[PDB]
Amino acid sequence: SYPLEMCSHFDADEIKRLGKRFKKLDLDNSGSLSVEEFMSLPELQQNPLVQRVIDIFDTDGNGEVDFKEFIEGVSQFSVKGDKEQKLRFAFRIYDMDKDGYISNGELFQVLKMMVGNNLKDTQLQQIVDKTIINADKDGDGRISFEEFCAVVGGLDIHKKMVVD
């Protein structure tokens, strides 16, 4: 009992199919996806961005992705998604504490997970610095979703963040 409310681009059929994959991933059948359950896929153990996505899919910060969260997060990539929505998702890969601003420490932390050790921390930090300096058009020492948009707009990476 009790309908489940959720905002998404999918029709009833697509909500059912994804409803099945969610059950298969739901190891302990608890109605919510855990990281160990996410990491159950081998292709995902070799991905530095899994935890970022998951914390982005996790809207109510309880460490699990329930069905509403899973659907609505898989929806950001729906081919039907606009341009802004796909940047927004990208913007979120950087804003860790979800305050709507990418910080100097946050930009460093995220980047490091991806670059790892092919860059001394000193090197990564410098370019993080230099990146925020030219992009901080308001001088608040951090990047806004707008400033972010001003630097990555014509890259068109949102066209790649599409799944079926």
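Residue numbers run from 1 along the displayed sequence.
Comparing the deposited coordinates for 75-83 and 89-97, the stretch with the larger average C-alpha B-factor is 75-83. Stretches 26-34 and 106-114 differ in mean C-alpha B factor, with the higher average recorded for 26-34. Among the modelled residues of its chain, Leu49 has a C-alpha B-factor that falls in the middle third, as given in the PDB entry. In the PDB entry, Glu64 places in the middle third of its chain by CA B-factor.
When the modelled residues of the chain are ordered by their C-alpha B factor, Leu41 lands in the highest third.
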